[PDB]
Structure formats: structure tokens, C-alpha cells
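Please read the structure below before turning to the comments.
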Amino acid sequence: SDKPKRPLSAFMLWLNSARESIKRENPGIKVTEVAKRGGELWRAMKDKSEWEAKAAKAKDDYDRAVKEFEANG
DNA sequence: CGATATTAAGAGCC
DNA sequence: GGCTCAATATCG
């Protein structure tokens, strides 16, 4: 199928798991507080190759889905 | 289905 | 070359 949900950053990949880790320490948080805590934690996260490999995988399937967007429009 | 709220890195739309 | 992308939780 055409029209993909676009690819993500290495940040967004980690933020989804960090949301659950931040919920364990702060009960009032949802997503925007996790984005602020996220900014300070990602600044200190060297060797981010897990997060970079997962977003690079999403970029390859995005390029595949985008090829079908030109085949169907 | 589309709009509100916060933060980042990559390659696309036409 | 200005605009595009989630992730989670709710209402028009």
C-alpha cells in the first residue's frame, strides 16, 4: 500500500520505552513531561546504536512504501 | 477521521 | 525550499 506513516528519529524510538521508565518514578506524567525529561536524558545518551538501528530499519520500509506512492499517484 | 501538547534526526512532497 | 513525520490520552 501507498501513503506511509513516515519514519521516526532514534529519539522517538527510545522515548517510547523511556515513557514507561519515567511513569515508574512520576505518576502524573503522560507524554509532554516525558518529552522534557527526554530532552535532558537523550543529551546524556552516548552509544545510541540500538535506537539508530531501529529508526534506520523504519527508514528502509518507509522508502519501500514511498515507492508505491509513486506507482499509485 | 482531525485537533490539542512536547521533543528529536533523517529523507520525502512537488 | 516551506512544510512533513510520531507517541499517548481525550472530544468535536
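Readers should treat all values here as calculations from the given coordinates under stated rules, not as data from a laboratory. In this analysis, Cβ positions are derived from the backbone assuming ideal geometry, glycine residues included, and neighbour counts consider all displayed protein chains.
Brief remarks on what is shown
- Peptides A:53-64, A:8-19 ranked from most to least packed by the mean count of surrounding Cβ atoms within 10 Å: A:8-19, A:53-64.
- Rounded tilt (10° steps) of A:32-43 against the dominant C-alpha axis of chain A: 90
- Value of [θ]222 nm, deg cm²/dmol, for chain A, DSSP H segments ≥ 4, -39500 (n - 2.57) each, nearest 500: -23500 deg cm²/dmol
- Charge dipole magnitude, Cβ of K and R +1, D and E -1 - region A:10-71, Cα centre, debye nearest 20: 300
- Length gained on full extension, A:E52 to A:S17: 11.2 nm, using 0.36 nm per residue less the C-alpha separation.
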